[PDB]
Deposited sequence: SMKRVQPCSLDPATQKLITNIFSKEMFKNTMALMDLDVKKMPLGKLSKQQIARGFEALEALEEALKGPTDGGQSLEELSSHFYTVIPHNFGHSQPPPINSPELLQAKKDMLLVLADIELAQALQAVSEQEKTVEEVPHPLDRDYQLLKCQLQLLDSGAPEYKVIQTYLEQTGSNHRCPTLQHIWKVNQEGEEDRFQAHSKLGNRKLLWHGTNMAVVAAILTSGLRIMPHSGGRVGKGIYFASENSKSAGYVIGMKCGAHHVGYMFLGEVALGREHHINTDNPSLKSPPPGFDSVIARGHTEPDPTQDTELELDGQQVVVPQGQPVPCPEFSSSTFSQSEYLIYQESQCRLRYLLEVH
């Protein structure tokens, strides 16, 4: 007996979002862009065990890169058996530098979130027994356990967000704003309230691959054991959209290019400012609640405004980037804002940009 498929409750923009972030073609494209062999690693075959084994292989490479152990070649080969790569059916190359090691760790962190999205979609037994099912897009939305509310252009914060995007995005080829959703992942509310005493809150950009958007909506921005970069093992944000936009892996759809970007509220508290890379950081120095790798520029602070989110003032930059003489010799062209506790960020908005 045929189950009834109930009509979709979602508006068109939301249906498109949900289609995009769970799209098998998107996920496979992402795996291709990371040099993975999708024929040998289909989406349905991806497992938590394999990803675990991949990290163990990288852990061994990291120890060798830092005594008669296996060579980097041998240790690479193991990694490529565990995580099949496609390089024109030539031999994949050896992971013999800290840069390439972090690149592979980052690839696996993406792949882990792809596997999360597949595991999220497994059909439950409650679903097999009920006689009516939600529309596939309603089902996928409900799986996120995340409220998304589409904003119209007269919403109080809409202009402020658009101005942030426009003023701090690329000057020549700015991303074009298509939609904004307010994001309310509950489960986030309470840990974030923990930092209510922490003044210095700012709304900051976080760009990602489209393949990790579902994972973020389900679980927030995360720090994992192999997370890394120029400012160590934290969650990275930018005050300049153009900086975060560099991490947006968009996807060709029709004649346009679709990308998604988050705005998070970050409780920065007492800021420690640095002007040189430190990939070894795992927390701010004692007494500090965040690390800001200060750029040569910063959105002009005289133009900052504020939005009231859950009764707290949150700074939102509105200015074009201006030079900061004190940091003119920084190793950072643009600032990177780091937190080292997941609880210091609350997702607030999701933007679709073309």
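Enquirer: Do you know which deposited regions have no coordinates at all?
Expert: Going by the record, the one segment left unmodelled (no C-alpha atoms) falls at 67-69.
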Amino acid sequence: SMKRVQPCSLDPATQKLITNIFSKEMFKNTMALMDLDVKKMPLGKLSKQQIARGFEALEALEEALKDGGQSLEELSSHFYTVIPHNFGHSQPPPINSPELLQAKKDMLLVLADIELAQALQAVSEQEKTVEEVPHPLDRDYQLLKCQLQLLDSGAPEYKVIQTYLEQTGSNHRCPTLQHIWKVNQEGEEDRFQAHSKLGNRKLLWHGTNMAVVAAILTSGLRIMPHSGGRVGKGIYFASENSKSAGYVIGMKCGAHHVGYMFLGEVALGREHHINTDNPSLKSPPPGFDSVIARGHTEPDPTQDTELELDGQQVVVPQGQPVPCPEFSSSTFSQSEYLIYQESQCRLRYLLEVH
From here on, numbers count along this sequence of modelled residues.
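Enquirer: Going by the mean C-alpha B-factor recorded in the entry, which is higher: 84-92 or 271-279?
Expert: The entry gives the higher C-alpha B-factor average to 84-92.
Enquirer: Between 138-146 and 172-180, point out the one with the higher average CA B-factor as the PDB entry records it.
Expert: The stretch with the larger mean CA B-factor is 172-180.
Enquirer: Compare the CA B factors listed in the entry for 350, 5, 2, 353 and report the winner.
Expert: Of 350, 5, 2, 353, 2 has the highest C-alpha B-factor.
Enquirer: Sort 311, 54, 286, 317 by C-alpha B-factor from the entry and give me just the highest.
Expert: Each of 311, 54, 286, 317 was compared by C-alpha B-factor; the highest is 311.
Enquirer: If you rank every modelled residue in this chain by C-alpha B factor, which third holds residue 70: lowest, middle or highest?
Expert: Answer is highest: the recorded C-alpha B-factor places it there.
Enquirer: So where's residue 44 on the chain's Cα temperature factor ranking, which third?
Expert: Ranked within chain, residue 44 CA B lands in the highest tercile.
Enquirer: If you rank the chain by CA B-factor, which third does residue 241 end up in: lowest, middle or highest?
Expert: Ranked within chain, residue 241 CA B lands in the lowest tercile.
Enquirer: Where does the C-alpha B-factor of residue 193 rank in its chain, lowest, middle or highest third?
Expert: It falls in the top third of the chain.
Enquirer: Ranking the modelled residues of this chain by C-alpha B-factor as given in the entry, is residue 119 in the lowest, middle or highest third?
Expert: It falls in the middle third of the chain.
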